[PDB]
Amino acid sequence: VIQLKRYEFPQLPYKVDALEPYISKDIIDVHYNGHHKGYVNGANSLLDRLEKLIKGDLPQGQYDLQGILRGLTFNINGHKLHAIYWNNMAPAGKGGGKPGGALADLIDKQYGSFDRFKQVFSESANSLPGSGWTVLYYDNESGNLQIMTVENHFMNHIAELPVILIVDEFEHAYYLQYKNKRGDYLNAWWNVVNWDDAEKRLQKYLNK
């Protein structure tokens, strides 16, 4: 009777030091156990309030709806985006390299080559004003692999499009190790990208 489901904190796909030396375990530890866990808790605590509101246990005058709704995009996106992020990376050996399969083929057709794509993606990522993410969506309508800079966790998303590749650009994602050198972090990140994961996500929407 009147009930919403809550989110679960996912498990890290590897050990906290599996991405070294590109991303120190010091960062992964707090990034995962601190920030990500916090987004799940924040989202669940706001879902409790929304649930009470829907039931009538929280009467008008005892809440400010915009505070609950905006708090949910922030926290829900924070959780979902980090969940993709962890899986979109892989330990030094398994991760990195060049893409393959349909993904490699689309990148060639739309960017000319993986090198140009890397150049354009990096340029876009460096253009992001402040904290956010840079994502690569697959547009089933046009068939384009669309690059986009996302501000915070919830601004600039293209509705319904699946994420193929993603980089976290919040300062907590690299500060302990790279400080204000975001460009250095971005160059390092390329070495731990999990192209298998990326190709798997693409295959899920190809010709569907």
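A residue's number is simply how far along the shown sequence it sits, counting from 1.
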{"property": "Mean C-alpha B-factor comparison - 70-78 and 133-141, higher one", "result": "133-141"}
{"property": "Per the entry, higher mean C-alpha B factor between 176-184 and 149-157", "result": "176-184"}
{"property": "Of the residues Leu128, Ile84, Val120, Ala92, the one carrying the largest Cα B-factor as recorded", "result": "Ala92"}
{"property": "Chain-relative CA temperature factor third for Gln60", "result": "highest"}
